[PDB]
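Asker: Residue numbers (the deposited numbering): 2 to 63, 68 to 218.
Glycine included, C-beta positions come from ideal geometry on N, C-alpha and C.
I'd like to ask you about the structure that follows.
This is the structure we're talking about:
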């Protein structure tokens with residue numbers, strides 16, 4: 002894909018709500034698509050102002070073109086450009102909390118414009134999410150399958166808790182190219198390593214993802 006460069010930029014915008022707490026997130030980053038690497042800075046603004054009342058991990062997983074793909078596996082995500090890529094995801098936490106989020110990724114120049122909508126519900130008031138007690142997502146391996154020109158992702162995620170221990174969350178994702186992809190990939194995996202560094206309502210993220218098998 003001619004428009005996918007070794008170095009790309011990103012601009013983000015999210016309209017969100019968790020347990021009724023409305024907020025928006027805006028930020029920017031840089032990445033190396035062929036190395037499956039991305040880094041960024043994100044700023045959260047609560048509708049009512051003040052510090053965000055939930056753990057940032059709830060939204061940190063909200068950019069597949071940044072995945073290192075081996076030559077033997079067709080890269081659905083890079084092939085999706087410049088036309089565009091969209092995705093939809095459901096989250097099911099072990100304590101009953103859940104969320105739905107979708108995003109559209111467009112490309113202009115060498116800058117990806119990432120726009121998302123996030124709604125989280127039924128989180129226990131004393132749970133790790135609303136108590137801001139999670140610290141990171143554990144590295145993972147997501148199963149990618151193909152069907153009807155689109156991809157599906159399934160991965161069991163684990164939140165690392167502040168004092169130790171984990172909290173399970175199941176991700177169910179559908180990835181959709183804006184235009185029919187020339188070369189569809191077969192079933193495979195994508196291993197991720199998403200890490201955050203937070204200071205108040207400002208969070209920096211780094212993700213390294215590699216496709217395999």
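#1: If I'm right that residue 148 touches residue 179 with Cβ under 8 Å, what's the distance once you round it to whole angstroms?
#2: Residue 83 by DSSP, collapsed to three states: which one?
#3: For residue 208, which residues of its own chain have a beta-carbon under 6 Å away from its beta-carbon, when the five flanking residues on both sides are left out?
#4: Does any CB atom of chain D fall closer than 8 Å to the CB of residue 209?
#5: Check whether the Cβ atoms of residue 81 and residue 190 lie closer than 8 Å to each other.
#6: Name the one or two DSSP bridge partners that residue 106 has.
#7: I believe residue 62 touches residue 110 by the beta-carbon criterion, under 8 Å. Please report the beta-carbon distance rounded to the nearest angstrom.
#8: Return the residue from the list 89, 108, 71 that minimises the CA-CA distance to residue 32.
#9: Spatial neighbours of residue 155 within its chain, please: CB distance less than 8 Å, with the 5 preceding and 5 following residues excluded, ordered by chain position.
#10: Quick one: residues in its chain with C-beta nearer than 6 Å to the C-beta of residue 105, no 5 flanking neighbours on either side, listed in chain order?
#11: Helix or strand or just coil, what does DSSP make of residue 61?
#12: State the Cα-Cα distance for the pair residue 14 and residue 78, rounded to the nearest angstrom.
#13: Buried or exposed for residue 34, going by 16 or more other Cβ atoms inside 10 Å?
#14: What are the boundary residues of the beta strand (DSSP E) that includes residue 149?
#15: From the DSSP output, in three-state form, read off residue 35 for me.
#16: Classify residue 214: buried if its beta carbon has 16 or more other beta carbons within 10 angstroms, exposed otherwise.
#17: Per DSSP, which one or two residues make a beta bridge with residue 118?
Answerer: A quick look at the data gives this:
#1: With 8 Å as the limit, residue 148 and residue 179 do not qualify as a contact, their Cβ atoms being about 13 Å apart.
#2: helix
#3: 43, 57, 201
#4: Among the chains of the structure shown, chain D does not appear; only one protein chain is present.
#5: yes
#6: 94, 123
#7: Contact doesn't hold; Cβ gap of about 14 Å is too wide.
#8: 71
#9: The residues 179, 180, 181, 182, in chain order, have a CB closer than 8 Å to that of residue 155 in the same chain once the five nearest residues on each side in sequence are set aside.
#10: Closer than 6 Å at Cβ, skipping near neighbours: 95, 124.
#11: helix
#12: 31 Å
#13: buried
#14: Under the DSSP assignment, residue 149 falls in the beta strand (DSSP E) whose first and last residues are 145-152.
#15: helix
#16: buried
#17: 12, 111
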